[PDB]
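Asks: Below is the file work.pdb, which contains PDB, C-alpha atoms.
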```
ATOM      1  CA  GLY A   1       3.572  19.381 -11.027  1.00  0.00           C
ATOM      2  CA  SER A   2       1.301  16.334 -10.896  1.00  0.00           C
ATOM      3  CA  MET A   3       4.132  14.417 -12.653  1.00  0.00           C
ATOM      4  CA  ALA A   4       6.535  15.248  -9.800  1.00  0.00           C
ATOM      5  CA  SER A   5       3.969  13.913  -7.264  1.00  0.00           C
ATOM      6  CA  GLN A   6       3.410  10.780  -9.360  1.00  0.00           C
ATOM      7  CA  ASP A   7       7.176  10.265  -9.307  1.00  0.00           C
ATOM      8  CA  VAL A   8       7.121  10.362  -5.490  1.00  0.00           C
ATOM      9  CA  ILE A   9       4.384   7.663  -5.443  1.00  0.00           C
ATOM     10  CA  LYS A  10       6.394   5.605  -7.963  1.00  0.00           C
ATOM     11  CA  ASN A  11       9.484   5.782  -5.706  1.00  0.00           C
ATOM     12  CA  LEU A  12       7.446   4.816  -2.616  1.00  0.00           C
ATOM     13  CA  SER A  13       5.806   1.897  -4.469  1.00  0.00           C
ATOM     14  CA  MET A  14       9.131   0.487  -5.719  1.00  0.00           C
ATOM     15  CA  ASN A  15      10.762   0.800  -2.313  1.00  0.00           C
ATOM     16  CA  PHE A  16       7.622  -0.616  -0.686  1.00  0.00           C
ATOM     17  CA  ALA A  17       7.696  -3.573  -3.102  1.00  0.00           C
ATOM     18  CA  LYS A  18      11.405  -4.454  -2.665  1.00  0.00           C
ATOM     19  CA  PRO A  19      10.900  -7.307  -0.134  1.00  0.00           C
ATOM     20  CA  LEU A  20       8.342  -8.944  -2.487  1.00  0.00           C
ATOM     21  CA  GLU A  21      10.512 -11.858  -3.634  1.00  0.00           C
ATOM     22  CA  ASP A  22      11.372 -12.520   0.027  1.00  0.00           C
ATOM     23  CA  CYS A  23       7.624 -12.394   0.798  1.00  0.00           C
ATOM     24  CA  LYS A  24       6.606 -14.634  -2.124  1.00  0.00           C
ATOM     25  CA  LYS A  25       9.103 -17.352  -1.174  1.00  0.00           C
ATOM     26  CA  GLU A  26       8.420 -16.834   2.547  1.00  0.00           C
ATOM     27  CA  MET A  27       4.670 -17.521   2.350  1.00  0.00           C
ATOM     28  CA  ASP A  28       4.197 -19.399  -0.956  1.00  0.00           C
ATOM     29  CA  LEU A  29       1.879 -16.930  -2.704  1.00  0.00           C
ATOM     30  CA  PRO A  30       0.254 -17.643  -6.108  1.00  0.00           C
ATOM     31  CA  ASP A  31       1.802 -15.466  -8.833  1.00  0.00           C
ATOM     32  CA  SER A  32      -1.618 -13.817  -9.080  1.00  0.00           C
ATOM     33  CA  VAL A  33      -0.265 -11.458  -6.392  1.00  0.00           C
ATOM     34  CA  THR A  34       2.765 -10.788  -8.635  1.00  0.00           C
ATOM     35  CA  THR A  35       0.288  -9.822 -11.380  1.00  0.00           C
ATOM     36  CA  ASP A  36      -1.828  -7.748  -8.957  1.00  0.00           C
ATOM     37  CA  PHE A  37       1.372  -5.857  -8.089  1.00  0.00           C
ATOM     38  CA  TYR A  38       2.412  -5.539 -11.768  1.00  0.00           C
ATOM     39  CA  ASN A  39      -0.997  -3.951 -12.490  1.00  0.00           C
ATOM     40  CA  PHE A  40      -1.434  -2.135  -9.134  1.00  0.00           C
ATOM     41  CA  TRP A  41      -1.672   1.470 -10.427  1.00  0.00           C
ATOM     42  CA  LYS A  42      -3.590   0.540 -13.572  1.00  0.00           C
ATOM     43  CA  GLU A  43      -7.051   2.136 -13.627  1.00  0.00           C
ATOM     44  CA  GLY A  44     -10.025  -0.205 -13.971  1.00  0.00           C
ATOM     45  CA  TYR A  45      -7.908  -3.084 -12.661  1.00  0.00           C
ATOM     46  CA  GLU A  46      -9.730  -5.263 -10.156  1.00  0.00           C
ATOM     47  CA  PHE A  47      -7.736  -7.422  -7.754  1.00  0.00           C
ATOM     48  CA  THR A  48      -8.019 -11.213  -8.007  1.00  0.00           C
ATOM     49  CA  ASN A  49      -7.837 -12.339  -4.375  1.00  0.00           C
ATOM     50  CA  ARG A  50      -7.027 -11.913  -0.672  1.00  0.00           C
ATOM     51  CA  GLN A  51      -3.459 -13.229  -0.872  1.00  0.00           C
ATOM     52  CA  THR A  52      -2.443  -9.888  -2.359  1.00  0.00           C
ATOM     53  CA  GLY A  53      -3.646  -8.378   0.916  1.00  0.00           C
ATOM     54  CA  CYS A  54      -1.466 -10.858   2.817  1.00  0.00           C
ATOM     55  CA  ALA A  55       1.386  -9.797   0.509  1.00  0.00           C
ATOM     56  CA  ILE A  56       0.842  -6.094   1.304  1.00  0.00           C
ATOM     57  CA  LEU A  57       0.914  -7.014   5.006  1.00  0.00           C
ATOM     58  CA  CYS A  58       4.141  -8.969   4.446  1.00  0.00           C
ATOM     59  CA  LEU A  59       5.764  -5.988   2.700  1.00  0.00           C
ATOM     60  CA  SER A  60       4.657  -3.658   5.545  1.00  0.00           C
ATOM     61  CA  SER A  61       6.064  -6.039   8.141  1.00  0.00           C
ATOM     62  CA  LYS A  62       9.466  -6.292   6.403  1.00  0.00           C
ATOM     63  CA  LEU A  63       9.601  -2.483   6.579  1.00  0.00           C
ATOM     64  CA  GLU A  64       8.628  -2.645  10.263  1.00  0.00           C
ATOM     65  CA  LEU A  65       5.415  -0.660   9.655  1.00  0.00           C
ATOM     66  CA  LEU A  66       3.022  -3.030  11.506  1.00  0.00           C
ATOM     67  CA  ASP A  67       2.127  -3.613  15.158  1.00  0.00           C
ATOM     68  CA  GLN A  68       1.534  -7.087  16.647  1.00  0.00           C
ATOM     69  CA  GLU A  69      -2.170  -6.785  15.782  1.00  0.00           C
ATOM     70  CA  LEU A  70      -0.980  -6.133  12.192  1.00  0.00           C
ATOM     71  CA  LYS A  71      -2.198  -2.531  12.248  1.00  0.00           C
ATOM     72  CA  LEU A  72      -0.231   0.272  10.571  1.00  0.00           C
ATOM     73  CA  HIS A  73       2.272   2.326  12.569  1.00  0.00           C
ATOM     74  CA  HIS A  74       0.994   5.740  11.522  1.00  0.00           C
ATOM     75  CA  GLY A  75       4.080   7.701  12.478  1.00  0.00           C
ATOM     76  CA  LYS A  76       6.430   5.108  11.000  1.00  0.00           C
ATOM     77  CA  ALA A  77       4.521   5.140   7.704  1.00  0.00           C
ATOM     78  CA  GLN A  78       4.882   8.934   7.574  1.00  0.00           C
ATOM     79  CA  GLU A  79       8.631   8.626   8.240  1.00  0.00           C
ATOM     80  CA  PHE A  80       8.956   5.941   5.574  1.00  0.00           C
ATOM     81  CA  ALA A  81       7.511   8.308   2.950  1.00  0.00           C
ATOM     82  CA  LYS A  82       9.732  11.292   3.906  1.00  0.00           C
ATOM     83  CA  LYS A  83      12.904   9.119   3.949  1.00  0.00           C
ATOM     84  CA  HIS A  84      11.936   8.256   0.358  1.00  0.00           C
ATOM     85  CA  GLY A  85      11.440  11.841  -0.742  1.00  0.00           C
ATOM     86  CA  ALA A  86       7.884  12.887   0.089  1.00  0.00           C
ATOM     87  CA  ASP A  87       7.878  16.280   1.770  1.00  0.00           C
ATOM     88  CA  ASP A  88       6.384  16.419   5.263  1.00  0.00           C
ATOM     89  CA  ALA A  89       3.013  17.690   3.949  1.00  0.00           C
ATOM     90  CA  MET A  90       2.656  14.964   1.303  1.00  0.00           C
ATOM     91  CA  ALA A  91       3.762  12.272   3.703  1.00  0.00           C
ATOM     92  CA  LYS A  92       1.090  13.420   6.178  1.00  0.00           C
ATOM     93  CA  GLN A  93      -1.520  13.566   3.416  1.00  0.00           C
ATOM     94  CA  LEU A  94      -0.668   9.999   2.313  1.00  0.00           C
ATOM     95  CA  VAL A  95      -1.001   8.577   5.850  1.00  0.00           C
ATOM     96  CA  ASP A  96      -4.291  10.476   6.283  1.00  0.00           C
ATOM     97  CA  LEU A  97      -5.666   8.901   3.074  1.00  0.00           C
ATOM     98  CA  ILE A  98      -4.699   5.470   4.382  1.00  0.00           C
ATOM     99  CA  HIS A  99      -6.268   6.217   7.798  1.00  0.00           C
ATOM    100  CA  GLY A 100      -9.412   7.534   6.148  1.00  0.00           C
ATOM    101  CA  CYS A 101      -9.568   4.303   4.124  1.00  0.00           C
ATOM    102  CA  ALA A 102      -8.961   2.036   7.128  1.00  0.00           C
ATOM    103  CA  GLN A 103     -11.939   3.713   8.844  1.00  0.00           C
ATOM    104  CA  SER A 104     -14.149   3.556   5.759  1.00  0.00           C
ATOM    105  CA  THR A 105     -13.404  -0.185   5.399  1.00  0.00           C
ATOM    106  CA  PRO A 106     -14.783  -1.869   8.536  1.00  0.00           C
ATOM    107  CA  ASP A 107     -13.135  -5.101   9.619  1.00  0.00           C
ATOM    108  CA  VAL A 108     -16.058  -7.498  10.058  1.00  0.00           C
ATOM    109  CA  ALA A 109     -14.584 -10.855   9.007  1.00  0.00           C
ATOM    110  CA  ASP A 110     -11.595 -10.273  11.318  1.00  0.00           C
ATOM    111  CA  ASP A 111      -9.530 -10.991   8.173  1.00  0.00           C
ATOM    112  CA  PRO A 112      -6.525  -8.608   8.014  1.00  0.00           C
ATOM    113  CA  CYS A 113      -5.593  -9.814   4.516  1.00  0.00           C
ATOM    114  CA  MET A 114      -8.976  -8.904   3.051  1.00  0.00           C
ATOM    115  CA  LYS A 115      -9.067  -5.751   5.195  1.00  0.00           C
ATOM    116  CA  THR A 116      -5.673  -4.624   3.892  1.00  0.00           C
ATOM    117  CA  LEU A 117      -6.695  -5.384   0.312  1.00  0.00           C
ATOM    118  CA  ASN A 118      -9.776  -3.244   0.758  1.00  0.00           C
ATOM    119  CA  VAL A 119      -7.788  -0.388   2.269  1.00  0.00           C
ATOM    120  CA  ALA A 120      -5.382  -0.698  -0.686  1.00  0.00           C
ATOM    121  CA  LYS A 121      -8.214  -0.325  -3.251  1.00  0.00           C
ATOM    122  CA  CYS A 122      -9.692   2.700  -1.435  1.00  0.00           C
ATOM    123  CA  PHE A 123      -6.203   4.243  -1.248  1.00  0.00           C
ATOM    124  CA  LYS A 124      -5.639   3.535  -4.949  1.00  0.00           C
ATOM    125  CA  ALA A 125      -8.924   5.365  -5.782  1.00  0.00           C
ATOM    126  CA  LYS A 126      -7.998   8.374  -3.624  1.00  0.00           C
ATOM    127  CA  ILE A 127      -4.556   8.544  -5.232  1.00  0.00           C
ATOM    128  CA  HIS A 128      -6.102   8.418  -8.733  1.00  0.00           C
ATOM    129  CA  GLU A 129      -8.548  11.181  -7.722  1.00  0.00           C
ATOM    130  CA  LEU A 130      -5.554  13.389  -6.815  1.00  0.00           C
ATOM    131  CA  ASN A 131      -3.833  12.479 -10.065  1.00  0.00           C
ATOM    132  CA  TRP A 132      -0.958  10.979  -8.084  1.00  0.00           C
ATOM    133  CA  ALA A 133      -1.041   7.522  -9.614  1.00  0.00           C
ATOM    134  CA  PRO A 134       2.176   6.882 -11.569  1.00  0.00           C
ATOM    135  CA  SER A 135       2.737   4.916 -14.795  1.00  0.00           C
TER     136      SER A 135
END
```
Using the file provided, produce a representation of the structure as structure tokens.

Replies:
Amino acid sequence: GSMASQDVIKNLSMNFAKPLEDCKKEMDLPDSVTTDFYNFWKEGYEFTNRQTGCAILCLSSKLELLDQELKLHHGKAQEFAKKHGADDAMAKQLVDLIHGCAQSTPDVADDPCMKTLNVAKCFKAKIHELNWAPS
């Protein structure tokens, strides 16, 4: 039931991306981020720039998933996923993949936008490896 799990990731993505218009107008982002989001789950797609990372951070903030240091509320992320239909196990697995990626991607430039973009790419790869990437 890989298709069922893909459908969960699709639902999470769409709900995650709802505040995007609000974010685009609220920060004046180049529509390259719009295109990065259009193509997000497309394999072989490389991401143009950092502003997409700032956009991901904006989305997370609108959903109240970030602390003041712009780090992910782990528990709140897990609850987000379950409220949108992931079972407890999947929700935990998803947060773990993100945490594993955050650790693998060391913040050296002190740039949360680039950091978040790099965590997003790692997460994307892990999700593809599980066959959980939707169309």

Asks: Record the distance separating atom CA of residue A:96 and atom CA of residue A:24, expressed in Å with one decimal.

Replies: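 Value for the atom CA of residue A:96-atom CA of residue A:24 distance: 28.6 Å.
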
Asks: Considering only C-alpha atoms, state which residue in the set A:7, A:87, A:28, A:107 is at the smallest distance from residue A:54.

Replies: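 Selected residue with least distance to residue A:54: A:28.
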
Asks: Taking all atoms listed in the file into account, which of A:70, A:8, A:58, A:125 comes nearest residue A:25?

Replies: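 Looking at the shortest contact to residue A:25, the residue is A:58.
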
Asks: Evaluate the PyMOL selection byres ((chain A and resi 55) around 12) on the structure here and hand back the selected residues as a tab-separated table (two decimals) with C-alpha atoms, in the coordinates of the input.

Replies:
```
chain	number	residue	atom	x	y	z
A	16	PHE	CA	7.62	-0.62	-0.69
A	17	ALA	CA	7.70	-3.57	-3.10
A	18	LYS	CA	11.40	-4.45	-2.66
A	19	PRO	CA	10.90	-7.31	-0.13
A	20	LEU	CA	8.34	-8.94	-2.49
A	21	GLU	CA	10.51	-11.86	-3.63
A	22	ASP	CA	11.37	-12.52	0.03
A	23	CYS	CA	7.62	-12.39	0.80
A	24	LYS	CA	6.61	-14.63	-2.12
A	25	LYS	CA	9.10	-17.35	-1.17
A	26	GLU	CA	8.42	-16.83	2.55
A	27	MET	CA	4.67	-17.52	2.35
A	28	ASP	CA	4.20	-19.40	-0.96
A	29	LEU	CA	1.88	-16.93	-2.70
A	30	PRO	CA	0.25	-17.64	-6.11
A	31	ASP	CA	1.80	-15.47	-8.83
A	32	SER	CA	-1.62	-13.82	-9.08
A	33	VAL	CA	-0.26	-11.46	-6.39
A	34	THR	CA	2.76	-10.79	-8.64
A	35	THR	CA	0.29	-9.82	-11.38
A	36	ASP	CA	-1.83	-7.75	-8.96
A	37	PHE	CA	1.37	-5.86	-8.09
A	49	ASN	CA	-7.84	-12.34	-4.38
A	50	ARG	CA	-7.03	-11.91	-0.67
A	51	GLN	CA	-3.46	-13.23	-0.87
A	52	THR	CA	-2.44	-9.89	-2.36
A	53	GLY	CA	-3.65	-8.38	0.92
A	54	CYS	CA	-1.47	-10.86	2.82
A	56	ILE	CA	0.84	-6.09	1.30
A	57	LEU	CA	0.91	-7.01	5.01
A	58	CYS	CA	4.14	-8.97	4.45
A	59	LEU	CA	5.76	-5.99	2.70
A	60	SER	CA	4.66	-3.66	5.54
A	61	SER	CA	6.06	-6.04	8.14
A	62	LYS	CA	9.47	-6.29	6.40
A	112	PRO	CA	-6.52	-8.61	8.01
A	113	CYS	CA	-5.59	-9.81	4.52
A	114	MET	CA	-8.98	-8.90	3.05
A	116	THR	CA	-5.67	-4.62	3.89
A	117	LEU	CA	-6.70	-5.38	0.31
A	120	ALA	CA	-5.38	-0.70	-0.69
```

Asks: By how many Å are atom CA of residue A:68 and atom CA of residue A:115 apart?

Replies: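 Here the two named atoms are 15.7 Å from each other.
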
Asks: Between atom CA of residue A:9 and atom CA of residue A:106, what is the distance in Å, rounded to a tenth?

Replies: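 These two atoms are separated by 25.6 Å.
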
Asks: I'd like to see the residues matched by the PyMOL selection byres ((chain A and resi 131-134) around 7) on this file, and ideally I'd get them as a VMD selection string.

Replies: chain A and resid 2 5 to 7 9 to 10 41 127 to 130 135

Asks: Please determine, counting all atoms listed in the file, which residue among A:90, A:118, A:64, A:12 has the shortest atom-to-atom distance to residue A:76.

Replies: A:64

Asks: Would you mind telling me which residue in A:3, A:11, A:102, A:43 lies nearest to residue A:80 when using all atoms listed in the file?

Replies: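 So, comparing all the options, the nearest one is A:11.
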
Asks: Taking only C-alpha atoms into account, name the residue in A:4, A:95, A:108, A:86 that is nearest to residue A:65.

Replies: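 Smallest distance to residue A:65 is found for A:95.
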
Asks: Give me the residues within 10 Å of residue A:104 as a compact mmCIF listing (two decimals) with C-alpha atoms, in the coordinates of the input, counting all atoms listed in the file and dropping any in the same chain fewer than 5 places off.

Replies:
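File produced: out36.txt:
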```txt
# COMPACT_ATOMS: atom_id res chain seq x y z
CA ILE A 98 -4.70 5.47 4.38
CA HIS A 99 -6.27 6.22 7.80
CA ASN A 118 -9.78 -3.24 0.76
CA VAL A 119 -7.79 -0.39 2.27
CA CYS A 122 -9.69 2.70 -1.44
```

Asks: Give the centre and edge lengths of an axis-aligned box, in Å to one decimal, that holds all listed atoms of stretch 25-44 of chain A with 3 Å on each side, as lines of an AutoDock Vina configuration file.

Replies:
```
center_x = -0.5
center_y = -8.6
center_z = -5.7
size_x = 25.1
size_y = 27.5
size_z = 22.5
```

Asks: Counting only C-alpha atoms, what is within 8 Å of residue A:78, bar same-chain residues fewer than 6 positions away, as a ChimeraX atom specification?

Replies: /A:88,91-92,94-95
